[PDB]
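One structure is given here, and the rest of the page talks about it.
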Amino acid sequence: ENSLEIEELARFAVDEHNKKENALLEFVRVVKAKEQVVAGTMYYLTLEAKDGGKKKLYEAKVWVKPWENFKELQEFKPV
Numbered sequence: 032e033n034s035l036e037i038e039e040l041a042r043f044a045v046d047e048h049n050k051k052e053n054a055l056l057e058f059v060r061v062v063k064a065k066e067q068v069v070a071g072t073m074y075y076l077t078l079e080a081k082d083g084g085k086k087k088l089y090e091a092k093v094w095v096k097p098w099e100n101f102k103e104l105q106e107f108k109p110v
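First residue of the sequence shown: 32, per the deposited numbering; consecutive thereafter.
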């Protein structure tokens, strides 16, 4: 259920960014996603989130190891 997983990872990206940078972006939706095999899976996401009420676009890179309870935000930045 790829798109179901993709949305979860995009929400995770926003949550992790918020926790890491003391921010409060509000996830809206995923708009682009690339899923690439590496050691584990690498996700290149484009998503919309609200920053103080204004919708903005962001790119995120998320690393997942599905054989264990592991997920990790590598990069998160405005488009």
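Quick reminder that beta carbons are idealized off the backbone N, C-alpha and C, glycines included.
- Take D82, set aside five residues on each side of it, and the residues of its chain with a beta-carbon closer than 7 Å to its own are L56, in chain order.
- Cβ atoms of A41 and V68 stay farther apart than 8 Å, at about 19 Å.
- The Cβ-Cβ distance between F43 and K92 does not fall below 9 Å.
- With fewer than 16 neighbouring CB atoms inside 10 Å of its own CB, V110 falls in the exposed class.
- Sorting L76, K108, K85 by C-alpha distance to the C-alpha of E36 places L76 at the top.
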